[PDB]
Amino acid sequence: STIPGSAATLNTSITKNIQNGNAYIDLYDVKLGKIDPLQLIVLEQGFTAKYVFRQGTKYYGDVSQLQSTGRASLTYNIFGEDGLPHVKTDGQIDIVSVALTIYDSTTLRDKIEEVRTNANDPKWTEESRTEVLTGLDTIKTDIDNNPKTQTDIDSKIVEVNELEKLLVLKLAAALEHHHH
């Protein structure tokens, strides 16, 4: 919840990015400039924070530099008004470390739009179109609102491919409706 003596606390109300006290960032959102890591914490008056990501063998000071998915860390270094690190009551430097999952819904989102476009072709029965769009809407709502791992993203791509196979041609339906 809040590290004893720390001037910062994780903003758990930002449920797209914070779950179970862990952070998640979707590179899709990053490329749209939608993610400001500073908005994920609440700071006491008189203190500032600078974030630093560690991923692989590199530190990154700008969220826009994240380019690979996987596990990483997100740290907020906390500074007093003099620009120096805050030292807490307990004699330790004030830093807030958060486990980070980086994922990318970009290909899933493209896939979803491709199936949507396909499904909207009037050659498909309305009943199959509707079932397919319903499944796509469920997935899209989920990724819009809820953080995922890349494994989960990849599994949803498979679900989307499978949904697309539910489309039925009006031609096929008209010939099933025939009687000899």
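So that there is no doubt, residue numbering starts at 1 and follows the sequence shown.
Asks: Given the B-factors recorded for C-alpha atoms, which segment has the greater mean, 130-138 or 34-42?
Replies: Stretch with the higher mean C-alpha B-factor: 34-42.
Asks: For the C-alpha atoms alone, is the average B factor greater in 92-100 or in 72-80, going by the entry?
Replies: According to the PDB entry, the answer is 92-100.
Asks: From the list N120, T125, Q67, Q55, select the residue with the highest C-alpha B factor recorded in the entry.
Replies: Max CA B-factor in the entry, restricted to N120, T125, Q67, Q55: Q67.
Asks: Going by what the PDB entry lists, where does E114 fall on CA B-factor within its chain: lowest, middle or highest third?
Replies: For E114, whose C-alpha B-factor we compare with every modelled residue in the chain, the answer is the middle third.
Asks: Taking the values exactly as deposited, rank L169 by C-alpha B-factor within its chain and report the matching third: lowest, middle or highest.
Replies: Lowest third - that is where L169 ends up once the chain's C-alpha B-factors are sorted.
Asks: Classify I157 as lowest, middle or highest third according to the C-alpha B-factor given in the PDB entry, relative to its own chain.
Replies: It belongs to the middle third of the chain when residues are ordered by C-alpha B-factor.
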